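> Here we go, the starting part of the complex in its complex frame:
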Amino acid sequence: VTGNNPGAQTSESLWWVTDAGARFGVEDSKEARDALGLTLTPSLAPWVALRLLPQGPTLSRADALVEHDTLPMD
Amino acid sequence: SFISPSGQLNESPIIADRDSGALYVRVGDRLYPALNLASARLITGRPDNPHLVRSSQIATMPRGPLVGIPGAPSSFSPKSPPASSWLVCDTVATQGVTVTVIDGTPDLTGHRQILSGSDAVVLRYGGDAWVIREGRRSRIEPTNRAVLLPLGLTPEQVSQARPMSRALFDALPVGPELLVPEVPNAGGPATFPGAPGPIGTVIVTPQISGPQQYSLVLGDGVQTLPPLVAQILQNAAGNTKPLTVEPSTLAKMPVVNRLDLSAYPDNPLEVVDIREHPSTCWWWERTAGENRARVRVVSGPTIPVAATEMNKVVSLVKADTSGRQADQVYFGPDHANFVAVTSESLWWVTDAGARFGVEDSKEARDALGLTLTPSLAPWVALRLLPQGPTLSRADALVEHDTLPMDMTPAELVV
Amino acid sequence: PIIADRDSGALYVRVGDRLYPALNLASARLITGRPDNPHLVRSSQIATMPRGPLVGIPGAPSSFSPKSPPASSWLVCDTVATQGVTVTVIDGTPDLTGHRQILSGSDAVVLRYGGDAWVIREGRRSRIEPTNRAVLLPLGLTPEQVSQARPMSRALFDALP
Amino acid sequence: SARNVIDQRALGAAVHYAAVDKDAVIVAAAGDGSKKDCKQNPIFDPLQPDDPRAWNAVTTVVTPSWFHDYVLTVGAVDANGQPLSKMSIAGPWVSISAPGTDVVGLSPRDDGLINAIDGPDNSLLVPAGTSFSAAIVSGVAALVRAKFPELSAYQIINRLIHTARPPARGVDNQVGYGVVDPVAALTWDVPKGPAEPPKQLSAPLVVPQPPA
Amino acid sequence: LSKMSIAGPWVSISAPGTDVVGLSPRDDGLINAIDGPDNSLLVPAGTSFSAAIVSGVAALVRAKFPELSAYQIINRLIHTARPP
């Protein structure tokens, strides 16, 4: 993600976009980047356009290490 | 083709990416990513397995949002044995109890034994002690010396018994309490002629061979009593000795069968020492076509599972803090996956120990397979497993862009 | 550490000495810590190892193939019908063939939002009012023409500077 | 410290009076880890989704920043956009962030610009931290209130929050809702009501008609 | 605890010195740590607690063998320790 003006130079957060059209946030820790296989340079995008895609759950190692008996349908 | 396997798009509607195992389903001219095999089968209506296709092919077709039921089963292997066996068992700590459910034939080798005949065990629940024998439970009281003394129990031995799980308490059916049998209208006059005494008096007659025969006067006659039962009446204040009578007059007297003695045993109880047998199980057994299932009780030093397979017991999360759910599940040899219960209801049990309800209609019984006849199982055991959503065709025809998050997970430890 | 049933297609992950069924590939990679792909294993062998409850993140992505094209191109599009609009997001190079054209020079377009009329030209939006005959006439507009302009989507209103 | 917290009733009443009865907007710094008693607070725990801001784990309390219902707390980021994980206190009250490095300003005791202040020794020390990031947000809030004089304090805060660029978790105790964005705050059509979650996420699948 | 105890030639025996617990001064309950110079909550550990454990064991031993002199009680503790 980067600013919308034509002269912006920042880079504030990393996102993954699936071909089904949903964005998932990626925690930029060295362990998360290497486990997913995202040790690569990201392409820039404008927030005014990217915000229009629906947001899913965050991807992180500490987040996936959980057990569930059954999952709540709703 | 053998050197570098791959695949081609075909008529089959369930396909999977050979490079990543992602599962897709086609509807119309569009591919939809599916959450699991169960919903993919249920949406298309064909009981089948995914067809492998190369990634470069799947990328050309148009997509759509996610479809299916979240968390549904992901593998199907119908299995139905001729004999069905289930056990609800627990184990006591060296405070606290742990409940384990078993599907399949138990192992009775080693010091394990059936709790039949004169053997019995005492447990505590709800503030009352309970005596378990011959497949039933009965209540007892620590103050009633008249019953404890001839039965062989002791006040210390009754008040110090270990706790019992609520799961086992419901599974075991109740029997009449171990109390002094009351006689209606005791001391009243007998209705039959030649009565040796008033109602509630005990009569005894000798024999040329064998032990003396005891009997009790009732409003309508006399009922024969076993020796151990007679001692309970004799032990309580009362008459010093029973009425001795001639065999011939007693033979002519009207015999009655009105009071029930089902709770009293034949000899003093052989109380099983809970330190040596910290585990007791309830066993339900039935053979296809039999009129009724057989109920038995087992006890031993450890759960009735083989020492070799003791390591592959499944441990559940058990988010429910109430007693209505089990802690562990084990699938022994010749277990049953597809089950029906006593108007009947159909259930599918997964290897992970979850149960899912299946519709009775041809739609579900065709799309998912499961067309064979299910095996029978008892509701008192099956209800102990955690429940998932029902596999109806109306439920799988849903789209999602984000799934709801579970509010009570548990930690995975490496 | 990541294996899949060769017949059932189910996905499993290994931790310690147990096999756990995983919800998706994204969570299987994070748990194992390796950027691998599922290995195909004979179903008869999977049945011999001890199970565990479900693990992972529900609905996470199921396939990873990073990409980095030479240039990044994004579009936010608004299309009106005949009242009502739809918003479309395009990622990649747009197709300019045919009757389509790039707005430049004297070309302009008028749209409505919150009742006000906005003139789009030179890559920006500028407000105008229907009462001011002195400004409308020299520019070539007409009060009727401004009043009849069609709606504008919030997606495009926030995007145009 | 979270232990032996001091009675702040007097401060609580003063904040409510200024924010509600006088419609003032209050901007406060999140605090710098270099201060004598400030210690780093713990962040979100995926194992206990009971409270997304993790209030039960707080160990250091920062006041008046604590009154998250009436005060806007600013965290710090470097000039490139990365959070200054080493000096912001990252509590559950943090709501927004702004730059906090390469500080420049007019000089007291002189008549020109300055860039550093003398330390306790020969060392010449450069200033940095949240105390400057709070000043930046205070400037943007002044411009916005000058353009939308009809809006109340509670509405101006929602205009800044909803226009900021978010972090990978959507809301994070390290930076709050995101990085401030002046041009967006002054021109976007932000909805006037507070945030609300959707009614339901599912929709029925329109299956095609089977062939005869 | 190689990093915290002075290894002199007089050292004769050893005992635990971590995970200390005890009654609380100025209160009526238990405690585990003390406020340091800063607001930091410092946890106590060290030989001053190990000397307490041995003081308790010595009291029990010369309750059972009241006939032994001081020098003999020390030899009874030393000879039964598990050696390095």
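That came through fine. Numbers count the residues shown, from 1 in each chain, chains lettered A, B, ... in the order given.

> which parts of chain D sit against chain E?
Residues of chain D found near chain E (C-beta under 8 Å from any C-beta of the partner chain) are D:1, D:3, D:36-37, D:39. The way it works is simple: take the backbone N, C-alpha and C, and place the C-beta from them, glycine included.

> biggest separation within the residues you listed, which pair?
Farthest pair in the residues of chain D next to chain E (C-beta to C-beta) is D:3 and D:36. Separation: 16.9 Å.

> These two: which is more packed in?
Ranked by neighbour count (other C-beta atoms under 10 Å in any protein chain shown), residue D:3 and residue D:36 place residue D:3 first, with 9 against 6.

> ok, now how distant is that one from residue D:93?
In this view, residue D:3 and residue D:93 are 18 Å apart by C-beta to C-beta, to the nearest Å.

> residues contacting the residue of chain D found nearest chain E?
Across chain D, no residue is closer to chain E than residue D:1, which sits at 4.8 Å (C-beta to the nearest C-beta). By C-beta atoms under 8 Å, 6 or more residues apart in numbering or on different chains, the contact list for residue D:1 reads D:37, D:59-61, E:39.

> which SSE is it in?
Using DSSP states H and E, residue D:1 sits within no helix or strand.

> Compute the number of surrounding residues for whichever residue of chain B sits closest to chain A.
With C-beta to the nearest C-beta as the measure, residue B:71 is the residue of chain B nearest to chain A, at 3.3 Å. Counted with other C-beta under 10 Å, residues neighbouring residue B:71 total 24.

> mind listing what it touches?
With C-beta under 8 Å, 6+ apart, residue B:71 has these contacts: A:68, A:70-71, A:73, B:36, B:388-389, C:54, C:58.

> of the residues you listed, closest to chain D?
When the contacts of residue B:71 are compared against chain D (criterion: C-beta to the nearest C-beta), the nearest one is residue A:73, at 9.3 Å.

> For that closest one, which residues are in contact?
Taking C-beta under 8 Å, 6+ apart, one finds B:69-71, B:389, B:395, B:404 in contact with residue A:73.

> slot chain F in:
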Amino acid sequence: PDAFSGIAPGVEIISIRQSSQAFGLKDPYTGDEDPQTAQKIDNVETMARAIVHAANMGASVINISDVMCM
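So that you can see how it sits with the rest, here is chain F on the chains above:
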């Protein structure tokens, strides 16, 4: 409700206060000897007195958990 307990709940303990960091001398001048070494000689002398006193009280076990490094 609480698992803690002493090693010998039956003993009787005598308390003597011989050292503390919260107290100081209210005439800091100490003359010829450096104020830091002057304090150690005061501790050695006071320590000997406490041991003799505790012995005459009849204690059979004396515990010293405060020692001086030199």
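
> Re-run the earlier check on the contacts of residue A:73 with chain F in the model.
Applying C-beta under 8 Å, 6+ apart, one finds that residue A:73 lies in contact with B:69-71, B:389, B:395, B:404.

> how much space between it and chain C?
Going from residue A:73 to chain C by C-beta to the nearest C-beta, to the nearest Å gives 11 Å.

> Pick out the residue in chain A sitting closest to chain E.
residue A:62 (25.8 Å).

> Let me know the secondary structure of that residue.
helix (DSSP: H, G, I helix; E, B strand; the rest coil).

> What is the neighbour count of it?
Neighbours of residue A:62 under the rule other C-beta under 10 Å: 15.

> Skip the chain neighbours and tell me the closest residue to it.
residue D:46 (5.5 Å; C-beta to C-beta, 6 or more residues apart in numbering or on different chains).

> For chain A, which residues are neighbours of chain D?
A:1, A:3-5, A:10-15, A:25-28, A:47, A:55, A:58, A:60, A:62-63, A:66, A:74.

> do that again at 6 Å, thanks
Proximity of chain A to chain D (C-beta under 6 Å from any C-beta of the partner chain) is limited to residues A:1, A:10-13, A:25, A:27, A:47, A:58, A:62-63.

> Out of those, which end up buried?
Buried by 16 or more other C-beta atoms under 10 Å in any protein chain shown: A:1, A:12-13, A:25, A:27, A:47, A:58, A:63, out of the residues of chain A next to chain D.

> JSON lines please, covering these and showing secondary structure and distance to chain C.
Listed next are these as JSON lines, based on DSSP: H, G, I helix; E, B strand; the rest coil; distance: C-beta to the nearest C-beta, whole Å:
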{"residue": "A:1", "secondary structure": "coil", "distance to chain C": "12"}
{"residue": "A:12", "secondary structure": "coil", "distance to chain C": "16"}
{"residue": "A:13", "secondary structure": "coil", "distance to chain C": "16"}
{"residue": "A:25", "secondary structure": "strand", "distance to chain C": "12"}
{"residue": "A:27", "secondary structure": "coil", "distance to chain C": "10"}
{"residue": "A:47", "secondary structure": "helix", "distance to chain C": "10"}
{"residue": "A:58", "secondary structure": "coil", "distance to chain C": "9"}
{"residue": "A:63", "secondary structure": "helix", "distance to chain C": "6"}
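
> next up, chain G:
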Amino acid sequence: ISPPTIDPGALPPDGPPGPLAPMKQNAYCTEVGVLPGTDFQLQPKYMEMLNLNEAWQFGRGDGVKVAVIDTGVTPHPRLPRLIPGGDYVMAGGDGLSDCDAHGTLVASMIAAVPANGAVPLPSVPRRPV
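One more chain to add, chain G, which I have set with the ones above:
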């Protein structure tokens, strides 16, 4: 820890600023300077993010009063609209002298006026430290 609760009956009484007990100065005010090699003709790097050259088109914020509660501010020819609000540390202060060299940076970073060929107020009546 639980979210704070408020009781509006406890409002403190209004009155002129003043310390709660008499206080005296204990240390000399800190010195300030410039780092080797800096050039104030280049814009500060933090201004690249704010895009002020586009945001000022709607006006520079005329007519808004901002209160700075801190170590106070020292007057400067670049701050033409500074107002004294009072002092709580010293009983006789106006709250217009930055001994800690902190309030002047925070304040000047918000309202300092850009450079011009001549200053609006050439006077300099400020007292010594």
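
> The contacts of residue D:1 again please, chain G included this time.
Contact analysis of residue D:1 by C-beta atoms under 6 Å, 6 or more residues apart in numbering or on different chains lists residue E:39.

> please redo it, this time with the cut-off set to 10 Å
Residues near residue D:1 by C-beta atoms under 10 Å, 6 or more residues apart in numbering or on different chains: D:37, D:39, D:59-61, E:35, E:38-41.

> Could you pull up the contacting residues of the residue in the stretch 201-350 of chain B that chain G sits nearest to?
Nearest residue of the stretch 201-350 of chain B to chain G, counting by C-beta to the nearest C-beta: residue B:321, 24.1 Å away. Taking C-beta under 10 Å, 6+ apart as the definition of contact, residue B:321 has no neighbours.

> tell me which parts of chain A are close to chain G?
Contact residues (C-beta under 10 Å from any C-beta of the partner chain) of chain A with chain G: A:3-5, A:7-10, A:12.

> which among these gets closest to chain G?
residue A:5 (5.4 Å).

> now the closest one, nearest residue through space, not along the chain?
The shortest distance from residue A:5 to any non-neighbouring residue, by C-beta to C-beta, 6+ apart, is to residue G:51 (5.4 Å).

> Tell me how many other residues surround the residue in chain D positioned nearest to chain C.
Of all residues in chain D, the one sitting closest to chain C is residue D:188 (4.7 Å; C-beta to the nearest C-beta). When neighbours are counted by other C-beta under 10 Å, residue D:188 registers 17.

> And for it, nearest residue in space, chain neighbours not counted?
Counting by C-beta to C-beta, 6+ apart, residue C:158 is the residue found nearest to residue D:188 once chain neighbours are left out, at 4.7 Å.

> and the gap between the one you found and residue A:47?
Distance, residue C:158 to residue A:47, using C-beta to C-beta: 10 Å.

> returning to that earlier point: now for the residues of chain A next to chain G, which pair is the farthest apart?
Using C-beta to C-beta, the pair of the residues of chain A next to chain G lying farthest apart is A:7 and A:12, separated by 15.9 Å.

> So residue B:102 sits against residue B:306, correct?
No. Taking contacts as C-beta atoms under 10 Å, residue B:102 lies outside contact range of residue B:306: 11.6 Å.
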